[PDB]
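If you want the building blocks of each chain, they are given just below.
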Number of protein chains: 2
Amino acid sequence: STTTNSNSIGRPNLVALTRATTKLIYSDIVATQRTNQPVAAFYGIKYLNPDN
Amino acid sequence: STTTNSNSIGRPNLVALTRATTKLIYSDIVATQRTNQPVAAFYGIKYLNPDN
C-alpha cells in the first residue's frame, strides 16, 4: 500500500508574500512646498490695531 | 574635506506668505439694501385687532 509517506515532497509553493508598512500620513497632516535654497523663509504679515 | 560650512547661503527662498483674516460674516448675518440718501427710512406697517 503505497501511501503518501512513500512519496517525497519537492519544493513547497510560495503562495504569498507579506510586507508590513505603516499607513504613512504626512501628505495630509502638513502643507508642503519645495525650496530652491537650503534656507527657507516664511513671511508673517500682520494687520494691527493702533495698539499693535 | 571641503564641508558645507565653507559655502555661504545666499538669498533665502520665500516659500509662502501668511496673512490673518477672520471669516468675515456680515453679508450673511444681516439683510442689506443700499440707501440713496443720507437718511434711510424703514416702514413699519401692522394689522390690528379692534382692540389695537
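Parameters and conventions
- Residues numbered from 1 in each chain as written, not as in the entry; some residues may be left out.
- Chains lettered and ligands numbered in written order.
- Part of a larger assembly, values for the part shown.
- Heavy atoms only, no water.
- Contact = heavy atoms within 4.5 Å.
- Buried area = accessible area lost by both parts, 1.4 Å probe.
- Polar contact = N/O pair within 3.5 Å; in protein donor to acceptor, adjacent residues only side chain to side chain.
- Nonpolar A, V, L, I, M, F, W, Y, C, P; charged D, E, K, R; others polar.
- Pairing = 2+ DSSP bridges.
- Helix = DSSP H or I, 4+ residues; strand = E, 2+ residues; numbered from the N terminus.
- Buried < 20%, exposed > 50% of the residue type's maximum accessible area, 1.4 Å probe, protein only.
- Least-squares fit on C-alpha atoms.

Per the PDB record, this model was obtained through cryo-EM at a reported resolution of 3.9 Å.

### Topic: the interface of chain A and chain B
On the side of chain B, 12 residues touch chain A, which itself brings 14 residues to the contact. Here chain A packs against chain B, burying approximately 1100 Å² in sum over the two surfaces, 63% of which is carbon and sulfur. Summed over the shared surface of chain A and chain B, the result is 8 residue pairs in polar contact. Grouping the constituent residues of the side of chain A that touches chain B by class yields 8 nonpolar, 5 polar and 1 charged. In the sheet, strand 1 (residues 40-42) of chain A pairs with strand 1 (residues 13-16) of chain B via 3 bridges, with the strands oriented parallel. Paired with A:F42 across the strands is B:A16, a residue of strand 1 of chain B.

### Re the side chain of B:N13
Note that B:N13 resides in strand 1. The buried category is assigned to B:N13, whose relative accessible area is 13%. Every residue in contact with B:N13, bar those within four places of it in the chain, is listed here: A:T35, A:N36, A:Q37, A:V39, A:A40 and A:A41.

### Description of the environment of A:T35
By the element assignment, A:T35 lies in the segment before strand 1. Apart from residues lying up to four places away in sequence, A:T35 is in contact with A:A40, B:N13 and B:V15. There is a polar contact of 3.2 Å between the side chain of A:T35 and the backbone oxygen of A:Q37.

### Looking at the relation of the copies chain A and chain B
Rotating chain A by 72° about the axis while translating it 0.1 Å along that axis superimposes it on chain B, leaving an RMSD of 0.3 Å. Accordingly, the operation relating the two chain copies is best matched by a five-fold axis. Measuring from the rotation axis to each C-alpha of chain A, the shortest distance belongs to A:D28, at 27 Å.

### Details of unusual backbone geometry
Here A:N52, not a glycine, exhibits a phi torsion of approximately 75°, which is positive. By the secondary structure assignment, A:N52 is in the segment after strand 1.

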